[PDB]
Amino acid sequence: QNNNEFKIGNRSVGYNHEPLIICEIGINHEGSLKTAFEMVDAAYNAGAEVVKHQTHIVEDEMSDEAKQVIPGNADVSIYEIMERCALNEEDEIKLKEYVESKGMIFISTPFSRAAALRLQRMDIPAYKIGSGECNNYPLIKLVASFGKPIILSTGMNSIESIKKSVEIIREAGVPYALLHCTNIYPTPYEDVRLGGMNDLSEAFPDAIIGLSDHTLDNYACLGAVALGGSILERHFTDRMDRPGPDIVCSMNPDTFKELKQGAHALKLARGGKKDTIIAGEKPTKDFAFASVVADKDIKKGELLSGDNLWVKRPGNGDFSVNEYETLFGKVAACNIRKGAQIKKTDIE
């Protein structure tokens, strides 16, 4: 595929590295630092490498109009949901310390100028930009000016619209990833369109490519790895009985571990070339390929033909099945017994 790569802290990402699973706790903590810690613990104990937050400062994120619009996966205004689940600056700092105290990488998605500036003050190692902000060129300009790598979700946006955000990122000179994404909560399998990842890599040859997913299980992400994806993001919860509008499409510790194991296998199995010679097949080639044999008793002086020659395993005969027709018309230099492999000494 490609050899693009960059570092998030000490963790390299890209086609030639192990796929990175981003555990998006998001708003799943419902505004409780204690709940967030329980989810951070569950992620740690499951083997997570990265916990991602969402940084919500509602007054800079939304105008008063947001109090009258309802998301497809809720029954109250987006403003109410965000004001309910937002952690304040003091608590988010503690959350980052807690994640890092567990040896994991902390990143977050700013949904506003104020949030981006908060995260720059905390000095996070990379920035996630959500699909809603993929076309927020002013906010992308700000985040790119921080000089850290950017992971950009691309849901709800065309290649043409994405080109403008990538132009800004390239101008700031930071490496970046593009996550294919579909922003329906939850997303039907039929809307995932894994082919969109190929479209992104074709259009943006310098991007690390991955998938942000909101389906009900791991299949989409496993397919993303088979296609060459390097970053996988799903929401994460410690328990599936938690309340919250994103819980239903979340992984838990057990399904995280399943994704991690499947991503490892598919990282190994993906790519490569048909024509590569595999040493381990040699014993099979040696017995499974066919050699030319006599199909009847052939007397000295008789001509070899398609009527007195055939081919049978194994592959150690003087003439392989690929040389079958070249023997036609040759002269038997001695009697040849039916069923015997044709020897170089059998022909004149």
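Each residue number is its position in the shown sequence, starting from 1.
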query	finding
Stretch with the greater mean C-alpha B-factor as recorded in the entry, comparing 70-78 against 255-263	70-78
Segment of higher mean CA temperature factor, 241-249 or 224-232	241-249
Residue with highest C-alpha B-factor in the PDB entry, from 98, 185, 219, 111	185
Residue, from 56, 300, 312, 52, that the PDB entry assigns the highest Cα B-factor	300
Residue 214 by Cα B-factor - lowest, middle or highest third of the modelled chain	lowest
Residue 180 - which third its CA temperature factor falls in, relative to the rest of the chain	lowest
Third of chain Cα B-factors occupied by residue 271	lowest
Residue 135 - which third its CA temperature factor falls in, relative to the rest of the chain	middle
CA B-factor ranking of residue 33, expressed as a third of its chain	highest
